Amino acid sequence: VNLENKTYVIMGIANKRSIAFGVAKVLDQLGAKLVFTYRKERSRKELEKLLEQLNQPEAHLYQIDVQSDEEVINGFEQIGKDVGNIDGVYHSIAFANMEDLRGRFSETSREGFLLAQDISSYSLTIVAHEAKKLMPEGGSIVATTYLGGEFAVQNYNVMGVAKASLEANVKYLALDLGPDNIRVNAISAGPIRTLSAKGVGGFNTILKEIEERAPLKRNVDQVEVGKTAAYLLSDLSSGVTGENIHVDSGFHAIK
């Protein structure tokens, strides 16, 4: 994976613990040029400090809230003008109201359910449609998911249904975009201590279970997700699309 002269757009860095920052560090080590997208300024002022650790010679930062078509459209349009054609997108965006991530799934509000779907699933479709405009020779799109999209996990609740939806999103996009030579895949990350992970009910109990039961008997980290993102974003994975790669210490394969 030498990624010199590759350009990747990385969506969803909030702080130094975000899974996308592990992705970022890894691609940065391999010589890629990185463009970053963020939702609010609390991530901008902060992103800017995090980018000091990378060897990125310049900060390419764009505000995009994936709840707005116009921000996704105008965003990717600006990126093309500032930076040219890209080679891929790392999508690491998700959201649910805290109230819907604990206690009873059956009590989920319509508003909260549709919000999770909007941000955590639909946002890949629109990102992919707009990013394709910048990948005329082909490219690669990767989304983060979690095992709770495939099994019912205590507490994860509405996010589990949004992830299930994201994983299908990835397959329907793989089928659509395949003839344009754009591969679309998911990385199912094991549990990692992030900002968003404070929102999930019973998180520490998740970590400990991994350590006890997963084949490798340890948890994974951001850099391990990034190393697999690197394979997926590069030519190493050229025959692989519509795939879900579990980077979770083997936990997915046991019961």
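Each form is matched to the other, and the largest set of C-alpha atoms that superpose within 1.5 Å is called the rigid core. Heads up: residue numbers just count along the shown sequence, starting at 1.
So which moves more in 9 other deposited structures of this protein by CA, 30 to 38 or 215 to 223, given a superposition on the core?
-> Of 30 to 38 and 215 to 223, the stretch deviating more in 9 other deposited structures of this protein is 215 to 223.
Determine, for 180 to 188 and 107 to 115, which one has C-alphas that on average lie farther from this form in 9 other deposited structures of this protein; superpose on the rigid core first.
-> If we average over structures and residues in 9 other deposited structures of this protein, the farther stretch is 107 to 115.
Determine, for stretches 241 to 249 and 9 to 17, which one has the higher mean CA B-factor as deposited.
-> In the deposited entry, the stretch with the higher C-alpha B-factor mean is 9 to 17.
Got a sec? Mean C-alpha B-factor, which is higher, 36 to 44 or 213 to 221?
-> That would be 36 to 44.
From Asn74, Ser140, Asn169, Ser120, pick the one with the largest CA B-factor in the entry?
-> So the option with the highest C-alpha B-factor is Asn74.
Among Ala229, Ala186, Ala189, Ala197, where is the Cα temperature factor highest, going by the PDB entry?
-> The record points to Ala197.
Within this chain, which third does the Cα B-factor at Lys133 fall in: lowest, middle or highest?
-> Middle third.
Third of the chain's Cα B-factor distribution that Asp180 belongs to, per the entry | According to the entry, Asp180 has a C-alpha B-factor in the chain's middle third.
Once the chain's modelled residues are ordered by C-alpha B factor and cut into thirds, is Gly103 in the lowest, middle or highest one?
-> Tercile = highest for this residue's CA B-factor.
If you rank the chain by CA B-factor, which third does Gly84 end up in: lowest, middle or highest?
-> Highest third - that is where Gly84 ends up once the chain's C-alpha B-factors are sorted.
Can you tell me which third, lowest, middle or highest, the CA B-factor of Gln78 falls into for its chain?
-> Within its chain, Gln78 is a highest-third residue by C-alpha B-factor, going by the deposited values.
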